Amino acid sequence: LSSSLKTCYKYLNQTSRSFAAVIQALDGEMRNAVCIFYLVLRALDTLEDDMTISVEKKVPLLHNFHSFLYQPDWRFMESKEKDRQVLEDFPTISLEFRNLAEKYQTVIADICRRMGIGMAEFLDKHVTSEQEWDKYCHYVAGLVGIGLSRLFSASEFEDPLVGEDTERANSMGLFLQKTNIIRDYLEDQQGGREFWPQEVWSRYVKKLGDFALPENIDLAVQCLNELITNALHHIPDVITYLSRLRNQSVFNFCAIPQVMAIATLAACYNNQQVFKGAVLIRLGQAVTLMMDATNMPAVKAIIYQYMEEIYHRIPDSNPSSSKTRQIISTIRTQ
């Protein structure tokens, strides 16, 4: 019955309109910690997003975002973004963050800390290579996974082992990030920002904007593919991660998203539409129709069912084949 909290949850259902629901399904003290944790990285991203802010001003701010969590009156008004309310009415968010147990604060604070540094590290440059494309996702998604993992263990609703495992807690983040990137391609383009790592989109066209050009379809799609064959390598980890979870609320919160992504990459795979406007996430076979993503055996089958939708449409003309099959063949025998 706290004005600040209610408002916090008003921002959660506002910005993170896809997780919101499951976040509110999290058991006990995990509920707020994550809700607030989502608002702050939502706010932290808005700052990094907002392009009407100088690089030499954004950088400082980015780096200290983690310090503002203890500045009762910190705030931002000059932000001209749709999610700018989180910045404007931040004090509300910081107040509640300030009522979170110390064990949860340390983590959230610590993650904003490094996420920031990293976000700034890629504020003047582009995603160079694959090897580099992971560093970025690690900063904007990976670290989030680690943070969430540490919150679970810290809440003692999950085994201490979920926190330790970060390599996988990271893949969990990299998979989604790479997914979204690869999904809303035109959106990022029509927005003034490039994200598809170079060294790969390069070997196709000269400017990853060409892909939005009609007489490109071929090189367009093909690139998309090998970009997906890259993301699919995170499945084995995503499966291992979830296989360790022992809390139902936590399982859903982690599982659902991962499954929407696979459903996404299975729809985006070789689907030209990925450049026209938007792709609809068509579901799986007439078997995974009686299986919700709430128990591991179900999840797996659901993944496998999607891996098939892909392995099925894999064209030989594609220079990304073989590997596409080499990865899916591994997710099958694991």
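Start at 1 with the first residue shown and count on from there.
Per the PDB record, of the two stretches 104-112 and 129-137, 129-137 carries the greater mean B-factor over its C-alpha atoms. If you average the C-alpha B-factors over 269-277 and over 34-42, the higher value belongs to 269-277.
Listed residues 236, 163, 142, 197 were ranked by CA B-factor as deposited; 197 comes out on top. Comparing the C-alpha B-factors of 26, 293, 303, 286 in the entry, the top value falls on 286. Sorting the modelled residues of the chain by their CA temperature factor places residue 298 in the lowest third. Split the chain's modelled residues into thirds by C-alpha temperature factor. Residue 219 is in the highest one. Among all modelled residues in this chain, the alpha-carbon of residue 79 has a temperature factor (C-alpha) in the highest third. Compared with the other modelled residues of the chain, the Cα B-factor recorded for residue 90 ranks in the middle third. Placement of the Cα temperature factor of residue 122 within the chain: highest third of the modelled residues, per the deposited record.
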